[PDB]
$ cat target-v9.txt   # compact mmCIF, C-alpha atoms and all ligand atoms
# COMPACT_ATOMS: atom_id res chain seq x y z
CA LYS R 4 0.00 0.00 0.00
CA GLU R 5 2.99 2.28 0.69
CA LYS R 6 6.03 0.46 -0.75
CA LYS R 7 6.51 -1.79 -3.78
CA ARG R 8 9.36 -4.24 -4.38
CA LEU R 9 10.51 -3.66 -7.96
CA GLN R 10 12.26 -6.52 -9.79
CA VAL R 11 14.00 -5.50 -13.03
CA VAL R 12 16.60 -7.42 -15.04
CA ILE R 13 19.26 -5.07 -16.43
CA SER R 14 22.36 -5.43 -18.59
CA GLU R 15 25.94 -4.97 -17.42
CA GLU R 16 26.15 -1.82 -19.55
CA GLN R 17 23.09 -0.46 -17.76
CA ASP R 18 24.71 -1.49 -14.47
CA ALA R 19 27.83 0.45 -15.48
CA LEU R 20 25.67 3.45 -16.40
CA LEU R 21 24.03 3.07 -12.99
CA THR R 22 27.44 3.22 -11.30
CA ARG R 23 28.61 6.21 -13.36
CA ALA R 24 25.37 8.06 -12.64
CA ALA R 25 25.59 7.22 -8.93
CA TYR R 26 29.14 8.58 -8.68
CA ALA R 27 28.39 11.66 -10.81
CA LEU R 28 25.44 12.53 -8.56
CA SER R 29 27.46 11.98 -5.38
CA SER R 30 29.68 14.40 -3.48
CA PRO R 31 31.75 14.47 -0.27
CA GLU R 32 28.61 15.63 1.58
CA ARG R 33 25.96 13.32 0.08
CA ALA R 34 26.11 9.62 -0.81
CA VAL R 35 23.93 8.31 -3.65
CA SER R 36 23.08 4.62 -3.94
CA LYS R 37 22.02 2.79 -7.09
CA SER R 38 18.44 2.45 -5.80
CA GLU R 39 18.26 6.22 -5.33
CA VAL R 40 19.51 6.63 -8.91
CA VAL R 41 16.68 4.35 -10.07
CA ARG R 42 14.02 6.26 -8.14
CA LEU R 43 15.43 9.57 -9.40
CA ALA R 44 15.33 8.25 -12.98
CA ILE R 45 11.68 7.22 -12.57
CA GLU R 46 10.82 10.65 -11.16
CA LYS R 47 12.70 12.49 -13.92
CA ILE R 48 11.04 10.44 -16.66
CA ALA R 49 7.65 11.06 -15.05
CA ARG R 50 8.28 14.82 -15.04
CA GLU R 51 9.46 14.80 -18.66
CA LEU R 52 6.32 12.90 -19.67
CA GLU R 53 4.31 15.50 -17.76
CA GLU R 54 6.07 18.11 -19.91
CA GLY R 55 6.35 15.97 -23.07
CA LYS R 56 10.09 16.41 -23.62
CA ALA R 57 12.72 14.33 -25.44
CA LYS R 58 10.11 12.04 -27.02
CA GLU R 59 12.31 11.69 -30.12
CA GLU R 60 15.08 10.58 -27.75
CA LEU R 61 12.80 8.41 -25.60
CA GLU R 62 11.57 6.46 -28.63
CA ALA R 63 15.03 6.66 -30.23
CA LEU R 64 16.54 4.86 -27.23
CA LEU R 65 13.53 2.54 -26.92
CA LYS R 66 13.83 1.52 -30.58
CA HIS R 67 17.60 1.24 -29.97
CA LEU R 68 17.01 -2.11 -28.19
CA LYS M 4 27.15 -10.40 -21.97
CA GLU M 5 26.09 -10.50 -18.31
CA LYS M 6 22.82 -9.54 -16.62
CA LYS M 7 21.85 -8.36 -13.13
CA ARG M 8 18.83 -8.95 -10.90
CA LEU M 9 17.89 -5.52 -9.51
CA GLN M 10 15.72 -5.10 -6.40
CA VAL M 11 14.54 -1.57 -5.57
CA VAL M 12 11.81 -0.47 -3.17
CA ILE M 13 9.68 2.36 -4.58
CA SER M 14 6.65 4.25 -3.34
CA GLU M 15 3.17 3.56 -4.68
CA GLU M 16 3.14 6.97 -6.38
CA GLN M 17 6.22 6.04 -8.44
CA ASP M 18 4.73 2.62 -9.20
CA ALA M 19 1.61 4.34 -10.56
CA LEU M 20 3.84 6.72 -12.53
CA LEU M 21 5.62 3.63 -13.88
CA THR M 22 2.30 2.16 -15.03
CA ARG M 23 1.20 5.42 -16.67
CA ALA M 24 4.56 5.75 -18.43
CA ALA M 25 4.39 2.12 -19.58
CA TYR M 26 0.98 2.62 -21.17
CA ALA M 27 1.90 6.02 -22.62
CA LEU M 28 4.98 4.60 -24.35
CA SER M 29 3.16 1.45 -25.48
CA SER M 30 1.14 0.95 -28.66
CA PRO M 31 -0.85 -1.88 -30.27
CA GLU M 32 2.29 -2.64 -32.29
CA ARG M 33 4.89 -2.45 -29.49
CA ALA M 34 4.52 -3.41 -25.82
CA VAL M 35 6.50 -1.50 -23.19
CA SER M 36 6.64 -3.09 -19.74
CA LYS M 37 7.35 -1.27 -16.49
CA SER M 38 10.82 -2.85 -16.32
CA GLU M 39 11.57 -1.60 -19.84
CA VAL M 40 10.51 1.86 -18.65
CA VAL M 41 13.00 1.42 -15.79
CA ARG M 42 15.84 0.59 -18.20
CA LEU M 43 14.88 3.48 -20.49
CA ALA M 44 14.87 5.77 -17.44
CA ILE M 45 18.32 4.56 -16.36
CA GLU M 46 19.89 5.11 -19.78
CA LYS M 47 18.03 8.40 -20.16
CA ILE M 48 19.23 9.88 -16.86
CA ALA M 49 22.78 8.58 -17.44
CA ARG M 50 22.80 10.29 -20.83
CA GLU M 51 21.44 13.45 -19.20
CA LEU M 52 24.31 13.40 -16.70
CA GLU M 53 26.75 12.97 -19.58
CA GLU M 54 25.25 15.99 -21.36
CA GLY M 55 25.88 18.08 -18.24
CA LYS M 56 22.85 20.36 -18.59
CA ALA M 57 20.35 19.25 -15.91
CA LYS M 58 22.75 18.39 -13.08
CA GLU M 59 21.35 21.09 -10.79
CA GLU M 60 17.76 19.93 -11.31
CA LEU M 61 18.66 16.27 -10.77
CA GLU M 62 20.51 17.21 -7.58
CA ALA M 63 17.44 19.12 -6.35
CA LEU M 64 15.01 16.28 -7.05
CA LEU M 65 17.58 13.96 -5.46
CA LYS M 66 17.74 16.06 -2.29
CA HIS M 67 13.95 16.12 -2.00
CA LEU M 68 13.83 12.37 -2.65
CA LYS M 69 16.36 11.68 0.11
CA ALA M 70 14.20 13.89 2.34
CA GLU M 71 11.30 11.45 1.79
CA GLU M 72 13.08 8.18 2.64
CA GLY M 73 12.96 8.87 6.39
CA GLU M 74 9.70 7.42 7.74
CA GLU M 75 7.37 8.75 5.02
LA LA S 1 3.11 6.97 -0.33
LA LA S 2 29.65 -8.03 -21.70
LA LA S 3 25.79 -7.02 -22.77
$ encode --input "target-v9.txt" --output "structure tokens" --more "lines below"
Ligand SMILES: [La+3]
Ligand SMILES: [La+3]
Ligand SMILES: [La+3]
Amino acid sequence: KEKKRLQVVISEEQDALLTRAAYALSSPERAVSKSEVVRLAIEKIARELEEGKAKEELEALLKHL
Amino acid sequence: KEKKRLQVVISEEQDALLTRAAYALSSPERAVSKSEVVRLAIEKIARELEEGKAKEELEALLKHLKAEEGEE
């Protein structure tokens, strides 16, 4: 009702992108875990779909599978 | 060519956002699951951090998200 266990299979390249994003977002004063990067990505995509941005890039990367 | 089982706890609001995004990106000709939306979000935000434009905004949303982890 308040929390949902998300199970997603990812590639090792997406794992590497997760690590690079986690380090890029981090700083000496704030630590960023991979799960926080996932939640932040979900929130950012939700906002962009609220604004309708980068749809050419969203479908470009989705068709890039 | 490895893979990785990923376990992440999310709020019900983000799960609903995941559903809405899954349907919005889907079509009768192509199905987009919630997990595929998660992968697309990962690659999208990683690319955004490589571009170096929206780092301030991502840090703000990140701060507010870390403010929500502590006991709702
Ligand atoms: La809630
Ligand atoms: La490999
Ligand atoms: La691979």
$ closest_atom_pairs --input "target-v9.txt" --of "chain R" --to "chain M" --cutoff "7 Å" --atoms "all atoms listed in the file" --output "Markdown table"
| residue | atom | partner | partner_atom | distance |
| --- | --- | --- | --- | --- |
| R:4 | CA | M:15 | CA | 6.7 |
| R:5 | CA | M:15 | CA | 5.5 |
| R:6 | CA | M:14 | CA | 4.6 |
| R:7 | CA | M:13 | CA | 5.3 |
| R:8 | CA | M:12 | CA | 4.7 |
| R:9 | CA | M:11 | CA | 5.1 |
| R:10 | CA | M:10 | CA | 5.0 |
| R:11 | CA | M:9 | CA | 5.2 |
| R:12 | CA | M:8 | CA | 4.9 |
| R:13 | CA | M:7 | CA | 5.3 |
| R:14 | CA | M:6 | CA | 4.6 |
| R:15 | CA | M:6 | CA | 5.6 |
| R:17 | CA | M:46 | CA | 6.7 |
| R:20 | CA | M:49 | CA | 6.0 |
| R:21 | CA | M:45 | CA | 6.8 |
| R:24 | CA | M:49 | CA | 5.5 |
| R:28 | CA | M:62 | CA | 6.9 |
| R:38 | CA | M:11 | CA | 5.6 |
| R:41 | CA | M:45 | CA | 6.5 |
| R:42 | CA | M:13 | CA | 6.8 |
| R:43 | CA | M:65 | CA | 6.3 |
| R:44 | CA | M:44 | CA | 5.1 |
| R:45 | CA | M:44 | CA | 6.0 |
| R:48 | CA | M:44 | CA | 6.1 |
| R:49 | CA | M:20 | CA | 6.3 |
| R:65 | CA | M:43 | CA | 6.6 |
$ closest_residue --input "target-v9.txt" --among "M:34, M:57, M:19, M:25" --to "ligand LA 1 (chain S)" --atoms "only C-alpha atoms and all ligand atoms"
M:19
$ atom_distance --input "target-v9.txt" --atom1 "CA of residue 26 (chain R)" --atom2 "CA of residue 56 (chain M)"
16.6 Å
$ atom_distance --input "target-v9.txt" --atom1 "CA of residue 16 (chain R)" --atom2 "atom LA of ligand LA 3 (chain S)"
6.1 Å
$ atom_distance --input "target-v9.txt" --atom1 "CA of residue 19 (chain R)" --atom2 "CA of residue 22 (chain M)"
25.6 Å
